[PDB]
Ligand SMILES: Nc1ncnc2c1ncn2[C@@H]1O[C@H](COP(=O)(O)OP(=O)(O)O)[C@@H](O)[C@H]1O
Ligand SMILES: Nc1ncnc2c1ncn2[C@@H]1O[C@H](COP(=O)(O)OP(=O)(O)O)[C@@H](O)[C@H]1O
Ligand SMILES: Nc1ncnc2c1ncn2[C@@H]1O[C@H](COP(=O)(O)OP(=O)(O)O)[C@@H](O)[C@H]1O
Ligand SMILES: Nc1ncnc2c1ncn2[C@@H]1O[C@H](COP(=O)(O)OP(=O)(O)O)[C@@H](O)[C@H]1O
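Residue numbers (PDB author numbering), protein chains in the order written: chain H, 443 to 478; chain D, 20 to 458; chain F, 17 to 150, 156 to 458; chain G, 1393 to 1470; chain C, 4 to 462; chain A, 14 to 462.
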């Protein structure tokens, strides 16, 4: 539930990136497929 | 490769009696100066006696630099050995005296010992939190050996090293906790079949056993000049490599000497005194000697060994002559070791050593002719004739060199004794101190 | 208007026939030096051909005979195409760069690179900035003839924001690079504000079509390319002078790429002329580098001047002809000059008269010819101005015998100054002692 | 300069074909030393055998422990 | 943009244009009138032995002197060696009056020229993804992390080169590149392999007209591969390693962005740096990656080096990694520039002279100057009759060698101005009075130039 | 533990009545020089000195600098003593008179009490409070903070300037870092994470220290030993404070500059203000210029005005020259290299050569100082070499002759070891004789003349 930090976690299965909900409306979600 | 002093493997004396062997470890053919240099080497390895001066005087091409490299190979890579030439001191950046002071303080090693903390094990997961458009980073590293399963935290520099190394899940890394370097040793799994830009499959290592936090005691040797530069400047480090050090004031040296004495008493540091070799000291002027005579007055002066070539020469920056070009208030302090010119039964075996080093096979008639040439032109022409005759024998496809190859090389390349006559014959088509004509 | 009548102002080119190389005497200012001018014409015709690289041409002779005159004639009779470089020898002895590098830059200036291209620029006055805060926008620009509306997408709106373009500016966009260069404001908006800022300069409106494309012929030198590639924003260094010992690896890369441009047909190499005036001031530490820099393919046809007889070479202590070392004089070719007959002196003074628009009676011209024969050219040419000025003080149109004799009475030629010095030795500070009467 | 993304280094990485005849943009033609630079090719290589030569001063400066060593001298007045 | 001119791609004639090599046999015996040279047999044989020494990698700090008078062919033999060795072995032709600097000591520019003379060849690989971006489409993970919004497990990029396109699955931590570099659809990028962080080169040329005014560089599509697995040979001189370790090129702060913004100053380099670089290059040779290639430091006009430089040269030549030093001296008994005491041969001190393989150089016979004239004339293209050749050879024997090679250009100019194609005796007899030698110039200077007066020289 | 050339000297060895007793505390003989040096030492320790000239004449090898180390060990630790040479002042950044004045003000010391005001706490809440920032290019600017320090007994919640915030910010102070803000400059050194956040599962290699006990606003006094040249360098190149001149002035490379007359007078007035407040104590010292004949005439000109100052240390010159030519102007010869005008300031102390028994005593002291024991016949042999050849040649024949003794299994040095070391290691005179005799002609086996 962080305001502006984007998590990267890499385990033995794969590696995923979590984005907080509060950043999806911003310009940071254009790569992740949310956008303005 | 094969330089002019690659056959030498030390000084070649005894360890109990230090008697000069007539043929041992390259330096073959001289006994007095090698025994005296063995005595100097033993009082350098003692390390107690500080501030002497050894002057290896003698004719040129007699092995003075050979004796210096013999002492250099005999100390090993522990004691500093500065190979200073006398013309390097005349800088335009810094003063002429401060270059000498740096040349003395480069030859006093300080050997300190410190404990680092190294890790070992297989990375299980990386967890990196990054901001958007500038900001701090957060890091959690889960690492596992065969016994422990730790979840460590990370700062900014550790993440800046992880992303530089690209440490994925399933790597055998070892992190020094103090210095903060990361060396990947290999992997335990295989390469995934899900991503494209992964990399190269590294060495297959198993999971390391033991513990995570292991301790290590490393030994670091820095000269006093490096301590002077890192303690003379606030941010301007790395100037001890790029030579950008302008001047170090005396308030810095008189504090670093006291702190090195305190480190010596505490058992933290140990002072290893070293050798300052000055090649062809006759080029220094009297303004250098008036400081060299007084820098050999303290507990932190290295045992100076230096060479010379000249007879009664005039000292630069003055108007008068002296033996060896050195002033007679400085020649009282020094101790002069003479070297003698060689004998042909020694030139024969010296050329044999130089031939066996450059991988050149000979015939005894060619070696006899080569010794006859070396009697009249020195070793410096004969060794060049050895290499040249090797390649001329390689051009005409011969196994061993012969008399004809040596005569060919003697015909092509003049020794200086014939080039002097070549100057003295045709003086009208060479620019003297005057005009010249063209046919 | 920053152009006043100097000594070298009547020499409008070399003045020889371009067909058969015949130096007719009174043409383009120069007068009667036929063999040296013929030899300079041969040199100029092997300069414009540009094939034969790195000669060296020394111009010896007495002073006041015309050694820099022929050099300025060769400079004028090339045009702006082939370069030329007036470097007196005392410019080399600097305190920021050494003699070798400051003489290498003299060779690097005299070789041009010529490249022709098409500039796709757009002038225009801003009318209305229309930003659609929805990314898109519209820019309305006008000239004295046209007016158009061009679309904009995302980022040059931000370039407008960083440039702070208001309605009324004169913007220019290089569409091959895409960067806004605000040229100022227009005179149609000087009535608007009252207290202007500092940075604002007023300009006329652009005229003609917005999209201007034009084929322009750029000509740079190799020294330009060397100094621009020295450091990051290093282009201002060649105006300022804040450069030093440029490394040899940069010059090696630059010569390799100029050879590559000549292979690919982008560039044309134009070799030029280096003019080393008063070469006897160079010491032997400079001739030892000139003897090697005249060997490469990229070396200009060096033309040098000299005055001195059998003199010492600076830096050493042995005499030599022309103040030059003999290993250098085996390499150069020498064009000797000669002093002037009075028949040439009269018309040289006539040309210096008609250059300075000073009218002379014939008796004054004959008297001035005799003064020039007895004292030299540089003193006779300095009496035309003085006689004109003394005639202007007593309000006479034509100068006469009286004004020239007045100018000869007032100012001393260098022939009589030596007798004035040797006449009164006890008061001039010779080397030791002064009497002071 | 701190907010100018260099790109003429990257031209040597991408546009690196013999057919491509060493393409450079015409508005950046004279910046030759910006364009052919071995550091830019060095930072891309699989083995870092040239990257371990280009900054060996930092590696030797770190491995001697000249950072963790206690600062012996300091100025006597400020 | 830049308009290409369709002219003739010729070259320029220097003084050593006709030299194309030594011109030896397969046994080393020289042969006269071959590859530009005329005569000079023993010097070309000795230089062939030097060339063989250089290509055999047994030279490790030798030294070769070229004696002989001025205008006899020392620099000709130097350029012959440099064209005989090729291009992939370095060659740094400094002069004696090029060590004198005003930023560093003069025993340092010598060492930097040694490091310019040594080359290092490195063979490596280059693995990059390349081309214009078509899609940036994410993919939702199988198990999203609780407490967050989107959870993306694999990011897809469609890269299209000029030959073929390819879809690419990537680790999701390419996003920090794409947000920081502003990569969009239609921007060529390259993705490396060791780290994997894409860096945009520029907007492509196909999208150069979707807008009208918003312009930047419009780089074309990469006309090549999409997956480069290309190997690279790379030649770096050790001078370049010394500079890049001493003064770092690209940093991210204020003061290194003033260091490259202010003028680069030559600084003296401490010897620990050179010792470390030698110790690590000799380790990478033993791993079998890099090849050391020594070159030639042709120090022309070696009598301009003073006595403070040969002392440093003795140290520098005793180093285990050093190139050959081909000196070039044209003086007899000369005073050494530094110490004005000893009159030594060639300007070289007698201590340094013993290291040197002294190669002589003899004057030319009076029937070889005309062969040099024929070769120089067919080099420039200036053709001329045989009596003209004999007259130029007469001027060559009686005056100088360099002077008879300079009566060919004004004779050709006067020939094609007078209305002919070949040079006759009249054109050279006319051009011999427009271009005087040094001898008649000194004759005019002494005879006519009697003393300093009005119409006289300034002694 | 290294025996240098001057290790046996432990002082002048004077009686209570100032009379030099021979063979005491290192020296042997040399009465008229050691009594005059004792007079010089008590001239230093009485503070009625504002520039006095003391010359130490005498030939080489007679102990001119042994007297200097005797003075420097007789004055003590807390009196400044600056030894230089005559070749040290030829610099490349500044004129050499600047180096002379920098040595003159190295040779004057000051002992100052200072009251530092530390705020030694553990950071609890760090929150910036920016102010208004209109359109002026740079953007926002932090102007006020609310850092809460938490010591062991009584916390405090204080408010900061922008500059002290930048001092924090260039130290990377997070929440939990103990610091102590120095409210004299503004500097603030992070010490480490507090032990309330301690975790053995850590990687940053932080230094965990406990909470600083006591009041958070401490105040402590110290004593400092500062020379006037230190104040000159401090006011010349500023490296204290939190502004831009004193921050961009410690990233550049340090250069010796020319501290002018006005700064050297203003710092004198500041030090007089310290002394009048009853805080600082002035202690003048010695400038020992060894080898004064290497100084040229442009330095002996400036020493006149440097000694006319109301505050100037005592100068001790050493010069082993007879009638010689001054380095600056080569047309006036004088004694010692000193010009005949500057020589009148000097109180000239002579130094006489030694005797064949004093050499024996010096050899015995040097042998029992280095740690080389030997027999009396060997002592007589070394004294014979000392009479014939030189004084500081025969002292140096003890260090090989020990090692050679240890070659032959001995402990004490006999006649054979010195008879071998006199053949292995030569002096200068016999080497020059071999040079002149063997080096007859230049050639292959000759010497470069
Ligand atoms: N005693 C010796 N043993 C082995 N090599 C020697 C000996 N004397 C001379 N040499 C060889 O001769 C060369 C010259 O010796 P060096 O010390 O360089 O002479 P110089 O002292 O005149 O400089 C060296 O390369 C060395 O290899
Ligand atoms: N042939 C000529 N016709 C006209 N004016 C000439 C001629 N030759 C020389 N002059 C003039 O004489 C002056 C001296 O020539 P210049 O080359 O300056 O002499 P110097 O070679 O001594 O410097 C110049 O100002 C030039 O205008
Ligand atoms: N053997 C040769 N064959 C042809 N041309 C030669 C020969 N030797 C010398 N030259 C020519 O002589 C000219 C001058 O010789 P140069 O190399 O300048 O002598 P140096 O080496 O003494 O300076 C050069 O232009 C060269 O072309
Ligand atoms: N009175 C003395 N007692 C003991 N040793 C002395 C005495 N005088 C001189 N020496 C010795 O002479 C050596 C050189 O003395 P020094 O002061 O360096 O001579 P100089 O006066 O020429 O500088 C020193 O090592 C010191 O041990």
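C-beta atoms are modelled at their ideal positions from N, C-alpha and C, and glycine is treated no differently.
Apart from the five residues just before and just after residue i, which ones in its own chain have a Cβ nearer than 7 Å to its Cβ?
i                      : result
residue 199 of chain A : 176, 177, 180, 254 and 255
residue 144 of chain F : 161 and 188
residue 100 of chain D : 91, 94, 293, 294 and 296
residue 286 of chain F : none
Near residue i, which residues of its chain fall below 8 Å by C-beta distance, leaving aside the five closest residues on each side in sequence?
i                      : result
residue 341 of chain D : 331, 332, 333, 334, 347 and 350
residue 114 of chain A : 272, 277 and 319
Check the Cβ of residue i against every Cβ in chain C and list those closer than 8 Å, keeping chain order.
i                      : result
residue 461 of chain A : 345, 352, 353 and 354
residue 24 of chain D  : 321
Closer than 7 Å by beta-carbon distance: list the chain D residues that pair up with residue i, in chain order.
i                       : result
residue 14 of chain F   : Absent from the structure is residue 14 of chain F, since the part of chain F shown begins at 17 and ends at 458.
residue 1438 of chain G : 219
Listing by chain order, which chain H residues have their CB less than 7 Å from the CB of residue i?
i                      : result
residue 139 of chain C : 473
residue 463 of chain C : Not covered by the structure: residue 463 of chain C. The range shown for chain C is 4 to 462.
Name the chain A residues whose beta carbon is nearer than 7 Å to that of residue i?
i                      : result
residue 258 of chain C : 264
With a threshold of 6 Å on Cβ separation, who are the neighbours of residue i within its own chain once the five nearest residues in sequence on each side are excluded?
i                     : result
residue 69 of chain C : 77, 331 and 362
Below 7 Å on C-beta distance, what does residue i contact in chain C?
i                       : result
residue 1399 of chain G : 204 and 205
Give the residues of chain G in contact with residue i, contact being defined as C-beta atoms less than 8 Å apart.
i                      : result
residue 253 of chain F : 1393
Kindly list, in the order they appear in chain F, the residues whose Cβ is closer than 7 Å to that of residue i.
i                      : result
residue 457 of chain D : 351
Could you tell me which chain G residues have their CB closer than 9 Å to the CB of residue i, listed as they occur along the chain?
i                      : result
residue 233 of chain F : Simply none; closest approach about 17 Å.
What are the start and end residues of each continuous beta strand (DSSP E) run of 3 or more residues lying completely inside the stretch 84-144 of chain F, in chain order? 100-104
For the stretch 231-239 of chain A against the stretch 222-229 of chain D, are there 3 or more C-beta pairs whose distance is under 8 Å? The stretch 231-239 of chain A vs the stretch 222-229 of chain D: no contact.
Check distances from the C-beta atoms of the stretch 405-419 of chain A to those of chain D and list, in chain order, the residues that come in under 9 Å. Identification of residues in the stretch 405-419 of chain A having a C-beta nearer than 9 Å to some C-beta of chain D yields 405, 406, 409, 410, 412, 413, 415, 416, 417 and 419, given in sequence order.
Listed in chain order, which residues of the stretch 1444-1467 of chain G have Cβ atoms closer than 7 Å to some Cβ of chain F? none
Runs of beta strand (DSSP E) lying entirely within the stretch 220-276 of chain A, each at least 3 residues, in chain order: 233-240
If contact means a Cβ-Cβ distance below 7 Å, which residues of the stretch 82-109 of chain A contact chain D? 98, 99, 100, 101, 103, 104, 105 and 106
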